[PDB]
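Please read the structure below before turning to the comments.
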Amino acid sequence: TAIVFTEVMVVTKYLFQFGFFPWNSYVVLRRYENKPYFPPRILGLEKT
Amino acid sequence: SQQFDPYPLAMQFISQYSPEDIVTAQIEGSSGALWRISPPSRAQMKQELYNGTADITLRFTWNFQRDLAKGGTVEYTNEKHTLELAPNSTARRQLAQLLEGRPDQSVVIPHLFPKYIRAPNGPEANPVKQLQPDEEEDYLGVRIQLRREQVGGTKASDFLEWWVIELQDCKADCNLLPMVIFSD
Amino acid sequence: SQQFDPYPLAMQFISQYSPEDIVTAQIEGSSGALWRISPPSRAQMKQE
Amino acid sequence: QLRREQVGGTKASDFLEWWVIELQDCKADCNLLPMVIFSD
Ligand SMILES: CCCCCCCCCCCCCCCCC[C@@H](O)O[C@H](CO[C@H](O)CCCCCCCCCCCCCCC)COP(=O)(O)OCC[N+](C)(C)C
């Protein structure tokens, strides 16, 4: 379960990373720069 | 923020301040009062502005008064921007021409109006160093002009004078100068 | 005090202060200075 | 109230203006406005 979970996590982060998703617009990201409760940041799917 | 988004230092500075903590001062340009100067002192102004040898200074001073009931000790925050005028330079000669009574002459002083100012809890309202990195080329230019109004006889003292300044590059709010200030 | 004697709140307030602690400011009405306004701004005043 | 004083031509700018205010119900000190202030 550890190996499967880490594999799934890396792939999911990679998929979300793409900029086409609305969360990532360079405006939403900039204003939500250090707010800890941005939904992607809490779920770990935020792109950096 | 969108306007200053590419720049990193500017972006961090603006991010530091809350939106309800920055104010725009819509200082009027043309809505001034009569210029009151004794005729001897005005004549001396014009003569020294023409045939002067020492450089003449020209200062633009801002002064913010903040409410003292909200705590804080210092109640006025002021600072000046000083611009020199070397003898026989184009600007000084232009002003000496301006006082002559021309109907539609105008002068342009480059880099005199710092648009972004900071008002700390101390008596130093320094222009933001960051939003204007050049610190001398990022200052806006100002177009100065003198308006006459006949009354009525001595020639130069015969009629009312006042001064109208406007921003160098103005399209529709030419009668208004904005001034954005960040207060800690 | 005699003028504001019937009123209770006013009477207590005035009683609170010493006689040498209240001052009357005889601000002059007519002794002003010339009204200085640029003719364009006065015309705009009247029109607005 | 507004007071004028001719000097001397443009019409409205032709002469001096100043403003005189007085209390609404004034009998003999019409040229004076009292203002009582209590200082702690
Ligand atoms: C962001 C949120 C993500 C949520 C994801 C939830 C996933 C939680 C559980 C993680 C996966 C479950 C793993 C449980 C495994 C238990 C059984 C396991 O022991 O069987 C293994 C067998 O496991 C299989 O081999 C692989 C299983 C792969 C399961 C993939 C699950 C994918 C789930 C994707 C969920 C995505 C959710 C996305 C939400 C947005 C035995 O391996 P073994 O026999 O010794 O291997 C020999 C190798 N040989 C043959 C080469 C010698």
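The listed protein sequences derive, respectively, from chains A, B, C and D.
In the UniProt record's numbering, each residue's number is its place in the first sequence (first place is 1) plus 1731.
For the second sequence, the residue numbers in the UniProt record's numbering are 2260 to 2411, 2420 to 2451.
In the UniProt record's numbering, each residue's number is its place in the third sequence (first place is 1) plus 2259.
For the fourth sequence, the residue numbers in the UniProt record's numbering are 2404 to 2411, 2420 to 2451.
Every residue gets a Cβ at the ideal spot worked out from N, C-alpha and C, and that includes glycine.
Exercise. So B/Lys-2339 is in the alpha helix (DSSP H); what residue range does that whole segment cover?
Worked result: Not the alpha helix (DSSP H): B/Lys-2339 falls in the beta strand (DSSP E), residues 2335-2344.
Problem set entry | Meets three-Cβ-pair contact criterion under 8 Å: the segment 2426-2443 of chain B and the segment 2377-2396 of chain B | no
Exercise. Quick one: what does DSSP say A/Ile-1734 is sitting in, helix, strand or coil?
Worked result: helix
Problem set entry | Rounded straight-line distance, which links the Cα of B/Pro-2265 to that of A/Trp-1754 | 19 Å
For this session: For D/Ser-2424, decide whether its Cβ has a neighbour in chain B, counting only Cβ atoms nearer than 7 Å.
Result: yes
Problem set entry | Burial state of C/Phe-2263, where buried means 16 or more other Cβ atoms lie within 10 Å | exposed
Problem set entry | Close Cβ partners of B/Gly-2291 (< 8 Å) along its chain, the five nearest in sequence each way excluded | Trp-2429, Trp-2430 and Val-2431
Problem set entry | chain B contact residues for C/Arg-2301, given Cβ-Cβ distances below 7 Å | None at all; the shortest Cβ gap to chain B is about 10 Å.
Exercise. Between the segment 2274-2286 of chain B and the segment 2444-2451 of chain B, do at least 3 Cβ pairs fall closer than 8 Å?
Worked result: yes
For this session: State the beta-bridge partners of B/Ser-2424 as determined by DSSP.
Result: The partner list for B/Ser-2424 (beta bridge, DSSP) is empty, contrary to what the question assumes.
Exercise. What first and last residue would you give for the alpha helix (DSSP H) that runs through B/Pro-2392?
Worked result: Premise fails: B/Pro-2392 is in no alpha helix (DSSP H) and is neither H nor E.
Exercise. Which of helix, strand or coil does DSSP assign to A/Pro-1767?
Worked result: coil
Exercise. Cβ of C/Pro-2298 less than 7 Å from any chain B Cβ?
Worked result: yes
For this session: Find the nearest neighbour of B/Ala-2313 within the set B/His-2340, B/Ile-2281 and B/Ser-2348, judged by alpha-carbon distance.
Result: B/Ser-2348
Exercise. D/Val-2410 CB to nearest chain C CB: under 7 Å?
Worked result: no
For this session: Output the distance between the C-alpha atoms of B/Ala-2269 and B/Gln-2389, rounded to the nearest integer angstrom.
Result: 6 Å
For this session: Collect the residues with a C-beta less than 6 Å away from any heavy atom of ligand 1 and give them in sequence order along the chain.
Result: Residues with a Cβ closer than 6 Å to any heavy atom of ligand 1, in chain order: A/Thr-1732, A/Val-1735, A/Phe-1736, A/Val-1739 and A/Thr-1743.
Exercise. On the three-state DSSP scale, how would you describe B/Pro-2278?
Worked result: helix
Exercise. With contact counted as at least three CB pairs below 8 Å, one residue from each stretch, are the segment 2337-2348 of chain B and the segment 2301-2320 of chain B in contact?
Worked result: These segments touch.
Exercise. What distance in whole Å lies between the Cβ atoms of A/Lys-1778 and residue 1784 of chain A, which are believed to be in contact at a cut-off of 8 Å?
Worked result: Because chain A in this structure spans residues 1732 to 1779, residue 1784 of chain A falls outside the shown range and cannot be described.
Exercise. Since B/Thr-2336 contacts B/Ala-2378 with CB under 8 Å, what's their CB separation in whole angstroms?
Worked result: 5 Å
Exercise. Any Cβ of chain C within less than 7 Å of the Cβ of B/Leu-2357?
Worked result: Not closer than 7 Å to any Cβ of chain C, the Cβ of B/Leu-2357 fails to qualify, so no.
Exercise. Who are the near neighbours of D/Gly-2411 in its chain, counting only those whose CB is closer than 8 Å to its CB and skipping five residues on each side?
Worked result: Hits under 8 Å: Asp-2425 and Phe-2426.
For this session: Write down the C-beta distance between B/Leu-2443 and B/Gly-2288 rounded to the nearest angstrom, noting that I regard them as a contact closer than 8 Å.
Result: 6 Å
Exercise. In the DSSP assignment, what are the bridge partners of B/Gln-2324?
Worked result: B/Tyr-2335
Exercise. Under the three-state reduction of DSSP, which class applies to B/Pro-2379: helix, strand or coil?
Worked result: coil
Exercise. The segment 2267-2282 of chain C: which residues have C-beta closer than 9 Å to a C-beta of chain D, in chain order?
Worked result: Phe-2272, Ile-2273, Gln-2275, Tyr-2276, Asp-2280, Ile-2281 and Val-2282
Problem set entry | Closest by C-alpha distance to B/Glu-2359, when choosing among B/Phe-2372, B/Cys-2437, B/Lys-2329 and B/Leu-2405 | B/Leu-2405
Problem set entry | Closest by C-alpha distance to C/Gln-2303, when choosing among D/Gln-2409, D/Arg-2407 and D/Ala-2423 | Out of D/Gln-2409, D/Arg-2407 and D/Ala-2423, D/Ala-2423 has the C-alpha closest to the C-alpha of C/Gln-2303.
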